[PDB]
Amino acid sequence: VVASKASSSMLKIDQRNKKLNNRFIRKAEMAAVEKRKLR
Amino acid sequence: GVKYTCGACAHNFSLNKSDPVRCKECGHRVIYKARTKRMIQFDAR
Amino acid sequence: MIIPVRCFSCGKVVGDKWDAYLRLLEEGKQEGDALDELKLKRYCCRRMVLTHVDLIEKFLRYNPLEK
Amino acid sequence: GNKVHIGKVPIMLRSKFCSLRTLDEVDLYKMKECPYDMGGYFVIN
Amino acid sequence: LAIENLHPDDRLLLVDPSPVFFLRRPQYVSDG
Amino acid sequence: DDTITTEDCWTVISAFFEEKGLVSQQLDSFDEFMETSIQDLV
Amino acid sequence: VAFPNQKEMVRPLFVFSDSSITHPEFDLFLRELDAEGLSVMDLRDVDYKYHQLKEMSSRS
Ligand SMILES: [Zn+2]
Ligand SMILES: [Zn+2]
Numbered sequence: 395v396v397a398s399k400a401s402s403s404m405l406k407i408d409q410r411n412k413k414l415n416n417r418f419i420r421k422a423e424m425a426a427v428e429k430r431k432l433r
Numbered sequence: 028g029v030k031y032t033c034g035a036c037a038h039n040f041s042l043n044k045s046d047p048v049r050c051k052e053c054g055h056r057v058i059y060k061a062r063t064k065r066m067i068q069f070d071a072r
Numbered sequence: 001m002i003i004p005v006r007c008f009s010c011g012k013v014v015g016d017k018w019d020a021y022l023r024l025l026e027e028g029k030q031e032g033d034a035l036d037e038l039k040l041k042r043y044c045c046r047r048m049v050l051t052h053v054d055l056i057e058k059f060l061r062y063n064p065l066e067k
Numbered sequence: 153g154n155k156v157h158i159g160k161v162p163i164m165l166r167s168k169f170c171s172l173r174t175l176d177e178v179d180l181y182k183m184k185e186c187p188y189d190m191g192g193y194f195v196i197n
Numbered sequence: 097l098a099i100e101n102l103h104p105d106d107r108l109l110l111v112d113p123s124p125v126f127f128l129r130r131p132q133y134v135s136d137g
Numbered sequence: 009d010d011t012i013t014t015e016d017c018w019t020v021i022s023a024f025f026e027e028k029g030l031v032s033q034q035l036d037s038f039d040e041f042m043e044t045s046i047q048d049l050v
Numbered sequence: 274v275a276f277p278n279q280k281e282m283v284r285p286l287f288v289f290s291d292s293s294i295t296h297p298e299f300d301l302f303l304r305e306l307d308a309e310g311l312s313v314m315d316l317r318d319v320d321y322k323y324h325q326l327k328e329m330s331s332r333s
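Quick mapping for you: the protein sequence lines, in order, are chains A, B, C, D, E, F and G.
Mapping of the first sequence onto the deposited numbering: position 23 corresponds to residue 417, and the numbering continues sequentially without gaps.
Mapping of the second sequence onto the deposited numbering: position 6 corresponds to residue 33, and the numbering continues sequentially without gaps.
Mapping of the third sequence onto the deposited numbering: position 54 corresponds to residue 54, and the numbering continues sequentially without gaps.
Mapping of the fourth sequence onto the deposited numbering: position 43 corresponds to residue 195, and the numbering continues sequentially without gaps.
Residue numbers 97 to 113, 123 to 137, in the deposited numbering, belong to the letters of the fifth sequence in order.
Mapping of the sixth sequence onto the deposited numbering: position 19 corresponds to residue 27, and the numbering continues sequentially without gaps.
Mapping of the seventh sequence onto the deposited numbering: position 36 corresponds to residue 309, and the numbering continues sequentially without gaps.
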């Protein structure tokens, strides 16, 4: 394929952002559900 | 008399209104006309 | 298709900051911090770089029609 | 008595009998096919 | 090291002069 | 174990769309018609 | 192909140059032909060659 530099950078950014989202959103949801439970 | 371009190998050639519509070197059935030689001007707006 | 030259709302030139924005995002900076580092204060300008989709990288993958 | 030809059945794109089921991502560009195209339709005339 | 490796009391010293579930980080390839 | 959150539901949905796709029913029906239906009609 | 003075040679097409044959070149070719004892193509044969090329180039 020989992808361009911009496309490779975008792929790396996408992988990092996917990992960060999968971590942070799940953590925030877990934080919220326990508070909603104890109320 | 008028240039043409093949649709696969992008090879320039010409036809005389009697040759079969075909690329001379790869035998593709789809060819395109070449751009006009006139001046093209745009208003940049 | 490709990054607009000027911001639609005000008119700031944002067309020269796409490569710098991608470089900053490559280094791990967050999108807000990257936009702040480029001195994009107004959110009208920030939406131009933040929501741009780069489609020319998909059009360029097709074999050129001439040679 | 052997393989007698009874007709031609139109082929749904990207189905098992389509030529684009194979060809991976790179060759899909050489055939001037959009990788985002999903198939599921016929091409009549 | 990062902010996590900082001591909790030293983290308390980092006062602005938490993530929210509905602010995603933008992507370009999506999925499917 | 551990609880299942909304993000896990979206992971499962992503798996669904990775396997099936959005027009899987059309292609599956046509493949069924070509593979076996023509022979049985004959 | 073959030079008159020299011997037979098998050459590829790209060796020939699009530039026109100069007067000293044709003079040397004539001198080599005279040394070997050969003649030049007849004007009738020259016209026949010209017609052959014109038919071949304009053929469909
Ligand atoms: Zn061709
Ligand atoms: Zn602006």
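Just so you know, even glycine gets a beta-carbon here, dropped at the ideal spot from N, CA and C.
Assuming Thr-32 of chain B is part of the beta strand (DSSP E), what are its boundary residues? Start and end: 29-33.
Report the residues of the stretch 22-40 of chain F with a CB closer than 8 Å to any CB of chain D, ordered along the chain. Residues of the stretch 22-40 of chain F with a C-beta atom less than 8 Å from some C-beta of chain D are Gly-29, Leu-30, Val-31, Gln-34, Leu-35, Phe-38 and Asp-39, listed in chain order.
Quick check on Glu-27 of chain C: does DSSP put it in helix, strand or coil? Here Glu-27 of chain C sits in coil by DSSP.
Contact residues within the stretch 163-180 of chain D, judged by C-beta distance below 7 Å to chain F: So the close ones are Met-164, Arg-166, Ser-167, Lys-168 and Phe-169.
Do you know how far the Cα of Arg-410 of chain A is from the Cα of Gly-15 of chain C? Linking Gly-15 of chain C to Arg-410 of chain A through their CA atoms gives a straight-line distance of about 25 Å.
Give me the Cα-Cα distance between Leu-301 of chain G and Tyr-321 of chain G, rounded to the nearest whole angstrom. About 25 Å.
Chain C partners of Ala-400 of chain A, CB-CB under 9 Å? Simply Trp-18, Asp-19, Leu-22, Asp-54 and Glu-57.
I want to verify the contact list: residues of chain A whose CB lies under 7 Å from the CB of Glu-26 of chain C, in sequence order. Chain A residues near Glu-26 of chain C: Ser-403, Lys-406 and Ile-407.
How many angstroms separate the CA atom of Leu-432 of chain A from the CA atom of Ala-425 of chain A? So the alpha carbons of these two residues sit roughly 11 Å apart.
Return the bridge partner residues of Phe-40 of chain B from the DSSP annotation. Per DSSP, B:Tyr-31.
Close Cβ partners of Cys-33 of chain B (< 7 Å) along its chain, the five nearest in sequence each way excluded: Residues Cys-50, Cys-53, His-55 and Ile-58 of the same chain have their beta carbon placed closer than 7 Å to that of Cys-33 of chain B, with the five preceding and five following residues left out of the count.
Beta-carbon gap between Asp-46 of chain B and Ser-330 of chain G smaller than 7 Å: Against a cut-off of 7 Å, the Cβ pair of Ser-330 of chain G and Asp-46 of chain B comes out as no contact.
Can you tell me which residues form a DSSP beta bridge with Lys-60 of chain B? For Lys-60 of chain B, which the question treats as bridged, DSSP gives the partners B:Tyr-31.
Does the distance between the C-beta of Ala-35 of chain B and the nearest non-hydrogen atom of ligand 1 fall short of 6 Å? It does: the Cβ of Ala-35 of chain B is within 6 Å (strictly closer) of some heavy atom of ligand 1.
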